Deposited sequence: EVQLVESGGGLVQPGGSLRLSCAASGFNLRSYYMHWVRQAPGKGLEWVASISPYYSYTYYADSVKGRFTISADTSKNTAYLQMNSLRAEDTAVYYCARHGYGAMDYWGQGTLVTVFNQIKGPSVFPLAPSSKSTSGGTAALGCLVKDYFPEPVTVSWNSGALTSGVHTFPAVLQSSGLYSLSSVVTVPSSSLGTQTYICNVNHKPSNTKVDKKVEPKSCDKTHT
């Protein structure tokens, strides 16, 4: 019966603004403490803000004080997170959660806020197998220098999935992301079977399809 449904997350620049919504059902939102908690990619949970029942007292993490505003609209049974003065540390999945049993019993599904000042599509380079090799060859695609996250990678349009490893992206010293996607295949198929990595970077509306061939020597 109790449900929290979030919305509003998206790509935003610094000097832009965002408003996150958290629509509740199955309970009167004005009667509860409501919390916002965020989780940066690959990291733990960090509490962001709270609003108190009936009086709407607001409490904020130090790092968001003066830039984010939590509020609530009783008519729509919804809580909000208004976000201004955004920064790279603000990129995270933001959850809203209800207070119960001295803790957070019910949680929304999360909505992603991605902060960027530049958008750059990836360069894609082959990680070529050695045709001359054992019976198993590794090959892949290096997906370099894009921003922001994410990039998705499939092989042969999703027909090849067994043996694929697409690594988590790393933040390079340049400030741009980079990842590789690799797959292991039979050495004997290298002369006959085509291997194409399908790289999608929706922030830049860029799609790259790269056939990875054994290196001619």
| property | result |
| --- | --- |
| Stretches with no C-alpha position, numbering per deposited sequence from 1 | 134-135, 220-224 |
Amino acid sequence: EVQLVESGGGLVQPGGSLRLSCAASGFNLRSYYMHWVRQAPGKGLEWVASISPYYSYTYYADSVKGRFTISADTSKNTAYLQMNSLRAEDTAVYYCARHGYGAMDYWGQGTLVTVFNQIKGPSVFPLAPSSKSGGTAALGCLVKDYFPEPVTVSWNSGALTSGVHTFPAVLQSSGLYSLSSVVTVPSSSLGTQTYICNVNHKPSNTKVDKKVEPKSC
From here on, numbers count along this sequence of modelled residues.
item	value
Comparing 37-45 with 65-73, the one whose average Cα B-factor in the PDB entry is higher	65-73
Given 134-142 and 121-129, the range whose Cα B-factors average higher in the PDB entry	134-142
Maximum C-alpha temperature factor, selected from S56, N156, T166, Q172	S56
Top Cα B factor in the deposited entry, candidates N28, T152, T184, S180	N28
B-factor third for the C-alpha atom of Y80 within its chain	highest
CA B-factor ranking of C197, expressed as a third of its chain	lowest
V208 by Cα B-factor - lowest, middle or highest third of the modelled chain	lowest
Record-listed C-alpha B factor of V93: chain third	lowest
CA B-factor placement of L190, once the chain's modelled residues are sorted into thirds	highest
